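Structure below is data31.pdb: PDB, N, CA and C atoms.
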MODEL        1
ATOM      1  N   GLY Y   1       5.487  14.125   7.649  1.00  0.00           N
ATOM      2  CA  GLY Y   1       4.107  14.089   8.097  1.00  0.00           C
ATOM      3  C   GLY Y   1       3.149  13.694   6.990  1.00  0.00           C
ATOM      4  N   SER Y   2       3.596  12.800   6.113  1.00  0.00           N
ATOM      5  CA  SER Y   2       2.773  12.343   5.000  1.00  0.00           C
ATOM      6  C   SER Y   2       2.410  10.870   5.162  1.00  0.00           C
ATOM      7  N   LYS Y   3       3.252  10.136   5.880  1.00  0.00           N
ATOM      8  CA  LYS Y   3       3.022   8.715   6.113  1.00  0.00           C
ATOM      9  C   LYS Y   3       2.992   8.405   7.606  1.00  0.00           C
ATOM     10  N   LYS Y   4       3.451   9.356   8.411  1.00  0.00           N
ATOM     11  CA  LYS Y   4       3.475   9.188   9.860  1.00  0.00           C
ATOM     12  C   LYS Y   4       2.060   9.091  10.419  1.00  0.00           C
ATOM     13  N   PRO Y   5       1.242  10.118  10.147  1.00  0.00           N
ATOM     14  CA  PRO Y   5      -0.147  10.170  10.613  1.00  0.00           C
ATOM     15  C   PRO Y   5      -1.033   9.150   9.906  1.00  0.00           C
ATOM     16  N   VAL Y   6      -0.741   8.900   8.634  1.00  0.00           N
ATOM     17  CA  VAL Y   6      -1.511   7.945   7.846  1.00  0.00           C
ATOM     18  C   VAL Y   6      -0.707   6.678   7.579  1.00  0.00           C
ATOM     19  N   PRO Y   7      -1.161   5.555   8.157  1.00  0.00           N
ATOM     20  CA  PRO Y   7      -0.498   4.257   7.994  1.00  0.00           C
ATOM     21  C   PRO Y   7      -0.643   3.706   6.581  1.00  0.00           C
ATOM     22  N   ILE Y   8      -0.141   4.453   5.604  1.00  0.00           N
ATOM     23  CA  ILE Y   8      -0.214   4.037   4.209  1.00  0.00           C
ATOM     24  C   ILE Y   8       1.090   3.385   3.761  1.00  0.00           C
ATOM     25  N   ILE Y   9       1.029   2.087   3.479  1.00  0.00           N
ATOM     26  CA  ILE Y   9       2.205   1.347   3.037  1.00  0.00           C
ATOM     27  C   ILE Y   9       1.895   0.508   1.803  1.00  0.00           C
ATOM     28  N   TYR Y  10       2.905  -0.191   1.299  1.00  0.00           N
ATOM     29  CA  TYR Y  10       2.741  -1.034   0.121  1.00  0.00           C
ATOM     30  C   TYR Y  10       3.827  -2.102   0.058  1.00  0.00           C
ATOM     31  N   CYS Y  11       3.477  -3.318   0.464  1.00  0.00           N
ATOM     32  CA  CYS Y  11       4.419  -4.430   0.456  1.00  0.00           C
ATOM     33  C   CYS Y  11       4.344  -5.197  -0.861  1.00  0.00           C
ATOM     34  N   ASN Y  12       5.396  -5.087  -1.665  1.00  0.00           N
ATOM     35  CA  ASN Y  12       5.450  -5.770  -2.953  1.00  0.00           C
ATOM     36  C   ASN Y  12       5.999  -7.184  -2.795  1.00  0.00           C
ATOM     37  N   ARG Y  13       5.098  -8.157  -2.709  1.00  0.00           N
ATOM     38  CA  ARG Y  13       5.492  -9.552  -2.556  1.00  0.00           C
ATOM     39  C   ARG Y  13       6.561  -9.930  -3.577  1.00  0.00           C
ATOM     40  N   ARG Y  14       6.469  -9.346  -4.767  1.00  0.00           N
ATOM     41  CA  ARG Y  14       7.428  -9.623  -5.830  1.00  0.00           C
ATOM     42  C   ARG Y  14       8.859  -9.504  -5.315  1.00  0.00           C
ATOM     43  N   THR Y  15       9.100  -8.504  -4.474  1.00  0.00           N
ATOM     44  CA  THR Y  15      10.426  -8.280  -3.912  1.00  0.00           C
ATOM     45  C   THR Y  15      10.421  -8.474  -2.399  1.00  0.00           C
ATOM     46  N   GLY Y  16       9.279  -8.891  -1.864  1.00  0.00           N
ATOM     47  CA  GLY Y  16       9.165  -9.108  -0.433  1.00  0.00           C
ATOM     48  C   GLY Y  16       9.631  -7.913   0.373  1.00  0.00           C
ATOM     49  N   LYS Y  17       9.070  -6.746   0.077  1.00  0.00           N
ATOM     50  CA  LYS Y  17       9.434  -5.521   0.780  1.00  0.00           C
ATOM     51  C   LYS Y  17       8.208  -4.642   1.013  1.00  0.00           C
ATOM     52  N   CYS Y  18       8.271  -3.808   2.044  1.00  0.00           N
ATOM     53  CA  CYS Y  18       7.167  -2.914   2.373  1.00  0.00           C
ATOM     54  C   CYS Y  18       7.687  -1.567   2.867  1.00  0.00           C
ATOM     55  N   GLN Y  19       7.044  -0.492   2.424  1.00  0.00           N
ATOM     56  CA  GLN Y  19       7.441   0.854   2.821  1.00  0.00           C
ATOM     57  C   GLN Y  19       6.221   1.745   3.021  1.00  0.00           C
ATOM     58  N   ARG Y  20       6.448   2.939   3.560  1.00  0.00           N
ATOM     59  CA  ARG Y  20       5.366   3.885   3.805  1.00  0.00           C
ATOM     60  C   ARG Y  20       5.228   4.867   2.645  1.00  0.00           C
ATOM     61  N   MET Y  21       4.069   5.510   2.554  1.00  0.00           N
ATOM     62  CA  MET Y  21       3.810   6.474   1.491  1.00  0.00           C
ATOM     63  C   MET Y  21       4.138   7.890   1.951  1.00  0.00           C
TER
ATOM     64  N   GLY I  33      -4.599 -11.470 -10.213  1.00  0.00           N
ATOM     65  CA  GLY I  33      -5.053 -12.356  -9.156  1.00  0.00           C
ATOM     66  C   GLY I  33      -3.945 -12.716  -8.186  1.00  0.00           C
ATOM     67  N   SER I  34      -3.157 -11.721  -7.794  1.00  0.00           N
ATOM     68  CA  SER I  34      -2.052 -11.939  -6.868  1.00  0.00           C
ATOM     69  C   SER I  34      -2.307 -11.231  -5.541  1.00  0.00           C
ATOM     70  N   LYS I  35      -3.117 -10.178  -5.586  1.00  0.00           N
ATOM     71  CA  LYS I  35      -3.445  -9.412  -4.390  1.00  0.00           C
ATOM     72  C   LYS I  35      -4.544 -10.101  -3.586  1.00  0.00           C
ATOM     73  N   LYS I  36      -5.079 -11.187  -4.135  1.00  0.00           N
ATOM     74  CA  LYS I  36      -6.135 -11.940  -3.470  1.00  0.00           C
ATOM     75  C   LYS I  36      -5.626 -12.565  -2.176  1.00  0.00           C
ATOM     76  N   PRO I  37      -4.567 -13.380  -2.287  1.00  0.00           N
ATOM     77  CA  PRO I  37      -3.961 -14.053  -1.135  1.00  0.00           C
ATOM     78  C   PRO I  37      -3.238 -13.081  -0.210  1.00  0.00           C
ATOM     79  N   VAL I  38      -2.589 -12.082  -0.799  1.00  0.00           N
ATOM     80  CA  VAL I  38      -1.860 -11.084  -0.027  1.00  0.00           C
ATOM     81  C   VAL I  38      -2.637  -9.774   0.053  1.00  0.00           C
ATOM     82  N   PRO I  39      -3.077  -9.420   1.270  1.00  0.00           N
ATOM     83  CA  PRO I  39      -3.837  -8.190   1.510  1.00  0.00           C
ATOM     84  C   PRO I  39      -2.982  -6.939   1.347  1.00  0.00           C
ATOM     85  N   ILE I  40      -2.438  -6.751   0.150  1.00  0.00           N
ATOM     86  CA  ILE I  40      -1.601  -5.593  -0.136  1.00  0.00           C
ATOM     87  C   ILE I  40      -2.394  -4.503  -0.849  1.00  0.00           C
ATOM     88  N   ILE I  41      -2.603  -3.386  -0.162  1.00  0.00           N
ATOM     89  CA  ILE I  41      -3.345  -2.267  -0.731  1.00  0.00           C
ATOM     90  C   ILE I  41      -2.573  -0.961  -0.579  1.00  0.00           C
ATOM     91  N   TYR I  42      -3.150   0.124  -1.084  1.00  0.00           N
ATOM     92  CA  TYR I  42      -2.515   1.434  -1.006  1.00  0.00           C
ATOM     93  C   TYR I  42      -3.550   2.548  -1.126  1.00  0.00           C
ATOM     94  N   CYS I  43      -3.916   3.132   0.010  1.00  0.00           N
ATOM     95  CA  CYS I  43      -4.896   4.211   0.035  1.00  0.00           C
ATOM     96  C   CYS I  43      -4.211   5.571  -0.064  1.00  0.00           C
ATOM     97  N   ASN I  44      -4.316   6.197  -1.232  1.00  0.00           N
ATOM     98  CA  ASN I  44      -3.707   7.504  -1.456  1.00  0.00           C
ATOM     99  C   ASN I  44      -4.604   8.620  -0.930  1.00  0.00           C
ATOM    100  N   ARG I  45      -4.323   9.073   0.288  1.00  0.00           N
ATOM    101  CA  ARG I  45      -5.105  10.138   0.905  1.00  0.00           C
ATOM    102  C   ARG I  45      -5.284  11.309  -0.056  1.00  0.00           C
ATOM    103  N   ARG I  46      -4.266  11.557  -0.874  1.00  0.00           N
ATOM    104  CA  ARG I  46      -4.310  12.649  -1.839  1.00  0.00           C
ATOM    105  C   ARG I  46      -5.606  12.612  -2.643  1.00  0.00           C
ATOM    106  N   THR I  47      -6.026  11.409  -3.023  1.00  0.00           N
ATOM    107  CA  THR I  47      -7.249  11.236  -3.798  1.00  0.00           C
ATOM    108  C   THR I  47      -8.307  10.487  -2.995  1.00  0.00           C
ATOM    109  N   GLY I  48      -7.995  10.203  -1.734  1.00  0.00           N
ATOM    110  CA  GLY I  48      -8.930   9.493  -0.881  1.00  0.00           C
ATOM    111  C   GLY I  48      -9.438   8.214  -1.515  1.00  0.00           C
ATOM    112  N   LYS I  49      -8.513   7.369  -1.961  1.00  0.00           N
ATOM    113  CA  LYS I  49      -8.871   6.105  -2.592  1.00  0.00           C
ATOM    114  C   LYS I  49      -7.923   4.992  -2.157  1.00  0.00           C
ATOM    115  N   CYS I  50      -8.408   3.755  -2.204  1.00  0.00           N
ATOM    116  CA  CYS I  50      -7.603   2.603  -1.817  1.00  0.00           C
ATOM    117  C   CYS I  50      -7.904   1.404  -2.712  1.00  0.00           C
ATOM    118  N   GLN I  51      -6.851   0.710  -3.133  1.00  0.00           N
ATOM    119  CA  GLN I  51      -7.003  -0.458  -3.993  1.00  0.00           C
ATOM    120  C   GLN I  51      -5.988  -1.537  -3.631  1.00  0.00           C
ATOM    121  N   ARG I  52      -6.134  -2.708  -4.241  1.00  0.00           N
ATOM    122  CA  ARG I  52      -5.230  -3.823  -3.982  1.00  0.00           C
ATOM    123  C   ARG I  52      -4.072  -3.826  -4.974  1.00  0.00           C
ATOM    124  N   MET I  53      -2.973  -4.469  -4.591  1.00  0.00           N
ATOM    125  CA  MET I  53      -1.795  -4.547  -5.448  1.00  0.00           C
ATOM    126  C   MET I  53      -1.817  -5.821  -6.286  1.00  0.00           C
TER
ENDMDL
END
Go ahead and render the structure in this file as structure tokens.
Amino acid sequence: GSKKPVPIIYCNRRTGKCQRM
Amino acid sequence: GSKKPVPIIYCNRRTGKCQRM
């Protein structure tokens, strides 16, 4: 319940990946 | 100057702040 309610992510173009916080 | 083209940010609710990558 830390990233579910809050759509906080970070896509690192360097590695072409994205995840939630 | 890489986050300009790519709208990659990260708002840390913990500190209630958001910035670009």
Give me the residues of chain I that have any atom at most 6 Å from an atom of chain Y; for each, the nearest atom pair and the distance in Å, rounded to one decimal. Use all atoms listed in the file, sort by chain and number, and format it as a tab-separated table.
residue	atom	partner	partner_atom	distance
I:40	CA	Y:11	N	5.6
I:41	C	Y:9	C	5.3
I:42	CA	Y:9	C	5.3
I:43	N	Y:8	CA	5.7
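RMSD of chain I versus chain Y, all Cα atoms, in-order pairing, least-squares fit: 0.6 Å.
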Let me have the centre and edge lengths in Å, one decimal, of the box along x, y and z around every listed atom of segment 16-19 of chain Y with 4 Å of margin on each side, as JSON.
{"center_x": 7.9, "center_y": -3.7, "center_z": 0.6, "size_x": 11.4, "size_y": 18.9, "size_z": 12.9}
> If you run DSSP on the backbone, which residues of chain I are strand (DSSP E), as an MDAnalysis selection string?
Replying inline: chainID I and resid 41:44 49:52
Saved chain Y from the preceding structure, N, CA and C atoms, as a PDB file, in the first residue's frame:
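File produced: out-v8.pdb:
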ATOM      1  N   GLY Y   1       0.806  -1.206   0.000  1.00  0.00           N
ATOM      2  CA  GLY Y   1       0.000   0.000   0.000  1.00  0.00           C
ATOM      3  C   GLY Y   1       0.842   1.260   0.000  1.00  0.00           C
ATOM      4  N   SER Y   2       1.980   1.210  -0.687  1.00  0.00           N
ATOM      5  CA  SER Y   2       2.880   2.355  -0.759  1.00  0.00           C
ATOM      6  C   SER Y   2       2.937   2.912  -2.179  1.00  0.00           C
ATOM      7  N   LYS Y   3       2.663   2.054  -3.155  1.00  0.00           N
ATOM      8  CA  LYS Y   3       2.681   2.459  -4.557  1.00  0.00           C
ATOM      9  C   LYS Y   3       1.343   2.162  -5.226  1.00  0.00           C
ATOM     10  N   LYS Y   4       0.521   1.357  -4.562  1.00  0.00           N
ATOM     11  CA  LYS Y   4      -0.791   0.997  -5.090  1.00  0.00           C
ATOM     12  C   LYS Y   4      -1.698   2.219  -5.173  1.00  0.00           C
ATOM     13  N   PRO Y   5      -1.896   2.890  -4.029  1.00  0.00           N
ATOM     14  CA  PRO Y   5      -2.741   4.085  -3.947  1.00  0.00           C
ATOM     15  C   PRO Y   5      -2.118   5.284  -4.657  1.00  0.00           C
ATOM     16  N   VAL Y   6      -0.793   5.371  -4.609  1.00  0.00           N
ATOM     17  CA  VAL Y   6      -0.076   6.467  -5.248  1.00  0.00           C
ATOM     18  C   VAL Y   6       0.673   5.987  -6.486  1.00  0.00           C
ATOM     19  N   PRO Y   7       0.241   6.465  -7.663  1.00  0.00           N
ATOM     20  CA  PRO Y   7       0.858   6.099  -8.941  1.00  0.00           C
ATOM     21  C   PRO Y   7       2.254   6.689  -9.102  1.00  0.00           C
ATOM     22  N   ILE Y   8       3.152   6.331  -8.191  1.00  0.00           N
ATOM     23  CA  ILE Y   8       4.523   6.825  -8.234  1.00  0.00           C
ATOM     24  C   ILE Y   8       5.453   5.809  -8.888  1.00  0.00           C
ATOM     25  N   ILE Y   9       5.975   6.161 -10.059  1.00  0.00           N
ATOM     26  CA  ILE Y   9       6.881   5.280 -10.786  1.00  0.00           C
ATOM     27  C   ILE Y   9       8.123   6.033 -11.251  1.00  0.00           C
ATOM     28  N   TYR Y  10       9.032   5.318 -11.904  1.00  0.00           N
ATOM     29  CA  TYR Y  10      10.264   5.918 -12.402  1.00  0.00           C
ATOM     30  C   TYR Y  10      10.860   5.083 -13.530  1.00  0.00           C
ATOM     31  N   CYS Y  11      10.638   5.522 -14.764  1.00  0.00           N
ATOM     32  CA  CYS Y  11      11.152   4.818 -15.933  1.00  0.00           C
ATOM     33  C   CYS Y  11      12.523   5.355 -16.332  1.00  0.00           C
ATOM     34  N   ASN Y  12      13.552   4.538 -16.136  1.00  0.00           N
ATOM     35  CA  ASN Y  12      14.916   4.931 -16.476  1.00  0.00           C
ATOM     36  C   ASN Y  12      15.226   4.610 -17.934  1.00  0.00           C
ATOM     37  N   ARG Y  13      15.093   5.614 -18.796  1.00  0.00           N
ATOM     38  CA  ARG Y  13      15.358   5.440 -20.219  1.00  0.00           C
ATOM     39  C   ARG Y  13      16.699   4.745 -20.440  1.00  0.00           C
ATOM     40  N   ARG Y  14      17.661   5.034 -19.570  1.00  0.00           N
ATOM     41  CA  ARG Y  14      18.988   4.438 -19.672  1.00  0.00           C
ATOM     42  C   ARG Y  14      18.892   2.925 -19.840  1.00  0.00           C
ATOM     43  N   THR Y  15      17.963   2.310 -19.115  1.00  0.00           N
ATOM     44  CA  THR Y  15      17.771   0.867 -19.182  1.00  0.00           C
ATOM     45  C   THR Y  15      16.398   0.522 -19.747  1.00  0.00           C
ATOM     46  N   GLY Y  16      15.658   1.546 -20.161  1.00  0.00           N
ATOM     47  CA  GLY Y  16      14.335   1.329 -20.717  1.00  0.00           C
ATOM     48  C   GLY Y  16      13.462   0.475 -19.819  1.00  0.00           C
ATOM     49  N   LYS Y  17      13.330   0.884 -18.562  1.00  0.00           N
ATOM     50  CA  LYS Y  17      12.518   0.149 -17.598  1.00  0.00           C
ATOM     51  C   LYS Y  17      11.763   1.107 -16.681  1.00  0.00           C
ATOM     52  N   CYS Y  18      10.641   0.642 -16.144  1.00  0.00           N
ATOM     53  CA  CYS Y  18       9.827   1.456 -15.248  1.00  0.00           C
ATOM     54  C   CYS Y  18       9.229   0.605 -14.132  1.00  0.00           C
ATOM     55  N   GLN Y  19       9.231   1.144 -12.918  1.00  0.00           N
ATOM     56  CA  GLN Y  19       8.690   0.435 -11.765  1.00  0.00           C
ATOM     57  C   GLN Y  19       7.963   1.393 -10.827  1.00  0.00           C
ATOM     58  N   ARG Y  20       7.273   0.835  -9.838  1.00  0.00           N
ATOM     59  CA  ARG Y  20       6.533   1.640  -8.874  1.00  0.00           C
ATOM     60  C   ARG Y  20       7.369   1.897  -7.624  1.00  0.00           C
ATOM     61  N   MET Y  21       6.985   2.913  -6.859  1.00  0.00           N
ATOM     62  CA  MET Y  21       7.699   3.263  -5.637  1.00  0.00           C
ATOM     63  C   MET Y  21       7.063   2.592  -4.425  1.00  0.00           C
TER      64      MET Y  21
END
